[PDB]
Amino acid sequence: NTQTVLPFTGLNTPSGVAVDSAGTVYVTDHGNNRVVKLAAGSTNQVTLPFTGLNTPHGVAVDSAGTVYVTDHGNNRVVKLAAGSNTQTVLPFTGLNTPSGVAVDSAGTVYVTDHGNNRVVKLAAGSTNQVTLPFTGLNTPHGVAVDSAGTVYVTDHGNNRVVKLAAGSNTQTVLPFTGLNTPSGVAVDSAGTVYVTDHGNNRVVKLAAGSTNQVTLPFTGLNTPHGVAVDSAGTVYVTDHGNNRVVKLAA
């Protein structure tokens, strides 16, 4: 497998990445306070009509094409419906430097509240978030949620990835090894967990139930941040230090 560089333009310290069922790739262009997307096979990205973003971080996309962005510098999460003119601010409360965002098939939105060492979630239509019962998080970054509702969090400050099954009150630490300031996390339909090992300029993955991660053969990454995986198993990474997004087919 040989990586390719997606034809985004003018990115500056890009952060979050997401990919939808149609292969459209969404990128939080953090350094330009904007979110851009690229249709499968296109060479022309388009800017989503969010407004007033300030150092945004994570991005997620639901099955309806609604786009959710962690507006990190403003301590809020904003969303934009597919083909919508105006964003709305989700009614999270007390966020501090929030980072990762994820959304499940039921429309529940999950946010890594990095500055408060916690992960919170909001049911669709609710105005009261709830805190997930993780413990001992330290500057957590990425969040992902699988089809079974299991929540995966990059516990960045502790160089580990932790997970919490839906309805469970006891997290487990996944058996990754040698991580350094890990950032993005993603999970595919087979339960494989992908982690951007930012401090080691690499992306690693762990099959469900395995204790041996494998390094994906990306090349030349520089402080990478986000990771996403599509239905075909293609892996997309924000190569943040190089102002580009790279992809690797399975």
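Sequential numbering from 1, following the sequence displayed.
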Study note, to complete from the structure: Of 19-27 vs 236-244, the stretch with the larger average CA B-factor in the entry is 19-27
Review point. Mean C-alpha B factor from the entry: is it higher for 156-164 or for 82-90?
Key: 82-90
Review point. Which one of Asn33, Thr181, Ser189, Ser210 shows the biggest C-alpha B-factor in the PDB entry?
Key: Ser189
Exercise for review: Name the third of the chain's ranked CA B-factors that contains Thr196, choosing lowest, middle or highest.
Suggested key: lowest
Study note, to complete from the structure: In terms of its chain's C-alpha B-factors, the third that includes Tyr110 is the lowest
Study note, to complete from the structure: Split the chain's modelled residues into thirds by Cα B-factor; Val229 lands in the highest
Review point. Within this chain, which third does the Cα B-factor at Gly73 fall in: lowest, middle or highest?
Key: lowest
Exercise for review: Would you mind checking where the Cα B-factor of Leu38 ranks among the modelled residues of its chain, as the lowest, middle or highest third?
Suggested key: middle
